[PDB]
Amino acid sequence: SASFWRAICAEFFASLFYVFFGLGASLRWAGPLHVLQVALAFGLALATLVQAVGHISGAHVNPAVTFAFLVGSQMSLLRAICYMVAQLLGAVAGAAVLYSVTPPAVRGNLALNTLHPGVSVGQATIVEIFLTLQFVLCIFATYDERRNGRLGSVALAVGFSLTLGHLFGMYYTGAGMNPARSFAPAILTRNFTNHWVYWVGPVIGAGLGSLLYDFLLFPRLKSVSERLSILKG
């Protein structure tokens, strides 16, 4: 039904907003102030967007997040691909629109995710993994219909999880936690240096999060039947 294309649209616009506001708030340099401010910006961007379209598409706005739900057998392979496609175009569009209204000199590299001189790509990949792992874990747990009438706003919980990822990570890798968010700055600045970290960390972390939740913490046992039936629809 049209109850599918609306979601794809939700994922496109939300991703454009997420990157537009996220990157926009990161322009400049610096420091606690800097980190604190950028951590809150991405976090509140997500909390806002999750309230805005979480009921419509589940507000993934993140390829690694969508990948998590795929292996978690909660969405079809067809939906996953489109979500990720919409997320990549949306992100690029947000970065594009951001570039068009931002004064040069302040533009910098459009907040491209970058490693710290003293951090190896191996350590950086492990960082991005842990960041995305606690992040996806919070998403799965709070989206789980099987629990709590005392959750409060799941939109904010997830947003603050993203903020926590930044408060810690920015010092190491600028905190990617999202392939699409990393990709947009890279494709427009023509700089794919160390970009592998920002696809690998999140995907693996997202993978370990889903697995850890569904197959150990609070098992959601699906029969091989449904798995394929779902991965198909």
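When you see a residue number, it is the position in the sequence shown, counting from 1.
Deposited sequence between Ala30 and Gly31: 1 to 3 residues lack coordinates.
Relative to its counterpart among 97 to 105 and 154 to 162, 97 to 105 has the higher mean temperature factor, C-alpha atoms as listed in the PDB entry. Set 182 to 190 against 42 to 50 and average the Cα temperature factors; 182 to 190 ends up higher. Per the deposited record, the Cα B-factor of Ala10 falls in the middle third when ranked against the other modelled residues of its chain. Sort the modelled residues of the chain by CA B factor and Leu89 lands in the middle third. When the modelled residues of the chain are ordered by C-alpha B-factor, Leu115 sits in the highest third. For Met75, the recorded CA temperature factor ranks within the highest third of the chain's modelled residues. When the modelled residues of the chain are ordered by their C-alpha B factor, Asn148 lands in the highest third.
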